[PDB]
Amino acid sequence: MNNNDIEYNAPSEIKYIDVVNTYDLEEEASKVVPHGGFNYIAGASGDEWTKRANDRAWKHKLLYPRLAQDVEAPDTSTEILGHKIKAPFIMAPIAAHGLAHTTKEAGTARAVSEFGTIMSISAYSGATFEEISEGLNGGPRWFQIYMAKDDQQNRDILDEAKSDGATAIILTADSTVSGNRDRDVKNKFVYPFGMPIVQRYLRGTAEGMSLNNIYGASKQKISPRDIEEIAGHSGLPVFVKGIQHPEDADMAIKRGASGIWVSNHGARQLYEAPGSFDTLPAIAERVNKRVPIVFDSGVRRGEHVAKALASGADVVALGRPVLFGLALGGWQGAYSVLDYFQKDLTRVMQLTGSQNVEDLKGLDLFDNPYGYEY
């Protein structure tokens, strides 16, 4: 509650939560988050066929159990762009957080730094860098930009992020206009508070505004020059985020990207597009070790983390389930989810004969041509 908060009443309770599986968290969160903001978080484009595809894609490649593999206390730690992290997942950049919990991004930040991974800060955060920093307590962070049409504004934002301690920049390029998000349209959803970091290029405050109008204020005519100019201007490794087609990965690397972030924005953008995990092997094969790959869009289980790594990702990024955890328990709730994914992965590692994160990368997967219904 600052200049924004009105009749939007986000949960405020802080507690650890029992996570049996992350799927149940959606319905659980529907009972604590205001209808508009909940459906903004949970919903996807069209009739959500592609979000369902993100989920069902994991049944296309199945894990073998493996035995007498000489493996005992699996270690989930890994390293990406110099950061040593407790497990091979990071927090995806997500604009929402105040929609889910009054402690907002600072809540998520505390869970992420206490767990021991990397926080990605969305340009569309409801919290300032200062507020997020207090939650991170010096933990690592990456900053995600939605580009302004005005170059000076981009250079200011990047300077603020770097000054704040960002050690990579995430260029989200799959959102030059909004997806067709039927739930938000039908609800007439509107952000109930401000976006302090991108404020400088919105007609007024984000507060009364639709997402369609926030994107749209952003840069539509993103080109490979933008990738080069952001890497050049910031001193920092640049990820290009939203990639589903291998030619865009070759393009981004040749334009100076230091990482490829394979994603379909959790199916919130282009409708009637593939499940994200289905696109990963061809992108990995084109990238061919040139830069690290972050994978997201549909990760719900430790099995999914293992499959992504076997298929070419260095790490995955987590989204909705952590935000559902934040709704239900603030920072401790979000931490419960992160802790669930580590323990879930540890079980999968033991059963697949994987001693460490590198072993996961060499797993052979069973191909399932029958799909979901088998």
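Heads up: residue numbers just count along the shown sequence, starting at 1.
As the entry records it, the average C-alpha temperature factor is higher for 24 to 32, out of 54 to 62 and 24 to 32. When 171 to 179 is weighed against 152 to 160, 152 to 160 comes out higher, by mean CA B-factor as recorded in the entry. When the C-alpha B-factors of 279, 125, 120, 77 are ranked from the entry, the top spot goes to 125. Within the selection 135, 242, 302, 298, the deposited Cα B-factor values reach their highest point at 135. The deposited CA B-factor of residue 8 belongs to the highest third of values across its chain. Residue 108: CA B factor lies in the middle third for its chain, per the PDB record. When the modelled residues of the chain are ordered by their C-alpha B factor, residue 203 lands in the highest third. Per the deposited record, the Cα B-factor of residue 360 falls in the lowest third when ranked against the other modelled residues of its chain.
Residue-level temperature factors show residue 129 in the highest third of its chain, judged at the C-alpha atom.
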